[PDB]
Amino acid sequence: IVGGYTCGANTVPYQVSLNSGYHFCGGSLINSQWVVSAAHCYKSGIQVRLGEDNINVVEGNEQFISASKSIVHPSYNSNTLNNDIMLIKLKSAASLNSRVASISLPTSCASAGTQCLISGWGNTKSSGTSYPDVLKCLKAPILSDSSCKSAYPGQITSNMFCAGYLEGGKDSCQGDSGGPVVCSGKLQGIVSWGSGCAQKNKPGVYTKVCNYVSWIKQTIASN
Ligand SMILES: NCCc1c[nH]c2ccccc12
Ligand SMILES: [Ca+2]
């Protein structure tokens, strides 16, 4: 997260870190045994880390649970990043509490102008490289479809939306991938892609979660 703020320990209780020897992506806990992330975060040997603030220090509220299975969306295209969504099932159910909690799926899509919270452990620099240990947060509005398409000609599908600031300076970044965009207590977005981070006229692009609620529910019900 570039140009954000320190969230505060366990204030984003649905935020997870995906670990394969190291943090490599964010995710969102949507029930006691399932996490939503980005399809471009797919790899084998994933351990889901819940209740994290400092990802380099065991602080006492963590739950580490290995993934039993990952399900990349059937229509995910890694070239265009269309349908950039993946489900991860935990080998055992997380113990839910005030610091490890699920986030609700949307019942409706959020409109341009809606204020949201974007979070993660990604790079905090737009040019350099610096990775924080504690969770970073950014409040950002959803941008109009037209401004999003104008920013990225030929690249925005109906399964994507832009959020952030056309002036630059505030954005998600590398390592935030797969993490949450939450608006009014609903998971509306997944950190997907962009051209660099926090660059003028290049806002972050996010997977449009409301398009996937049926697939998510249906998949969980049979897996
Ligand atoms: N807005 C951040 C989009 C993003 C995801 N992964 C990245 C890697 C490098 C640069 C940007 C990104
Ligand atoms: Ca920790």
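Numbers for residues simply follow the sequence, beginning at 1. As the structure lists them, so they are numbered: ligands from 1, and atoms in each ligand from 1. Below, all heavy atoms of this structure are taken into account, side chains as well, without hydrogens, waters or symmetry copies.
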Write down the atom of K202, the atom of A151, and the distance for their closest heavy-atom approach. NZ-O, 2.8 Å

Starting from atom 4 (C) of ligand 1, locate the nearest protein heavy atom and write down its residue, its atom name and how far away it is, to 0.1 Å. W193 CA, 4.0 Å

Looking only at distance, does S177 have an N or O less than 3.5 Å from an N or O of ligand 1? yes

Minimum heavy-atom distance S192-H40, with the two atoms named: O-CE1, 3.1 Å

Starting from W215, can I reach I103 by hopping between I/L/V/M/F/W/Y residues whose side chains sit under 4.5 Å apart? yes

Checking side-chain contact (heavy atoms from CB on, under 4.5 Å) against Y14, which of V100, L50, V182 comes through? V182

Checking a contact table here: which protein heavy atom is nearest atom 2 (C) of ligand 1, and how many Å away? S172 O, 3.1 Å

Which residue holds the protein heavy atom closest to atom 9 (C) of ligand 1, what is that atom called, and what is the gap in Å? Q174 CB, 3.9 Å

Output yes if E52 passes the N/O/S-under-3.0 Å test against the Ca ion (ligand 2); output no otherwise. yes

Is there a side chain to side chain donor-acceptor pair (under 3.5 Å) between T207 and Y212 once you walk through the steps? CA-CA 9 Å; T207 311; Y212 298 99; over 6 Å; no

Return the closest protein heavy atom for atom 11 (C) of ligand 1 as residue, atom name and distance. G196 O, 3.6 Å

Kindly indicate, with the supporting measurements, whether the criterion side chain to side chain donor-acceptor pair (under 3.5 Å) is fulfilled by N159 and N211. CA-CA 7 Å; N159 299 309; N211 293 358; 2.9 Å; yes

Specify the closest pair of heavy atoms between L135 and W121, including all atoms of both residues, with the distance to one decimal. N-NE1, 3.4 Å

Pair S119-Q15, side-chain donor/acceptor within less than 3.5 Å: yes

Residue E59, metal the Ca ion (ligand 2), N/O/S under 3.0 Å: no

Could you tell me which atoms of ligand 1, counted from 1 in the order shown, lie closer than 4.0 angstrom to a heavy atom of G204? 1 (N)

NZ (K217) with more than 12 external heavy atoms under 6.0 Å: no

In this structure, does ligand 1 have an atom that sits under 4.0 Å from one of the heavy atoms of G122? no

Is any N, O or S atom of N61 under 3.0 Å away from the Ca ion (ligand 2)? no

The residue among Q33, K89, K69, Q218 that forms side chain to side chain donor-acceptor pair (under 3.5 Å) with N223 is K69

List ligand 1 atoms under 4.0 Å from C173, heavy atoms only on the residue side. 2 (C)

Hey, is the Ca ion (ligand 2) within less than 3.0 Å of some N/O/S atom on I55? no

Which atom of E62 approaches the Ca ion (ligand 2) most closely (N/O/S): OE2

I'd like to check which ligand 1 atoms, numbered from 1 as shown, lie under 4.0 Å from a non-hydrogen atom of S192. 5 (C)

Considering the heavy atoms of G194, write down every atom of ligand 1 situated less than 4.0 Å from one of them. 3 (C)

Is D171 near ligand 1, meaning one of its heavy atoms is under 4.0 Å from it? yes

Could you check atom 10 (C) of ligand 1 against the protein and tell me its nearest heavy-atom contact, residue, atom and distance included? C197 SG, 3.9 Å

Quick one: are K136 and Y131 in side-chain contact, heavy atoms under 4.5 Å? no

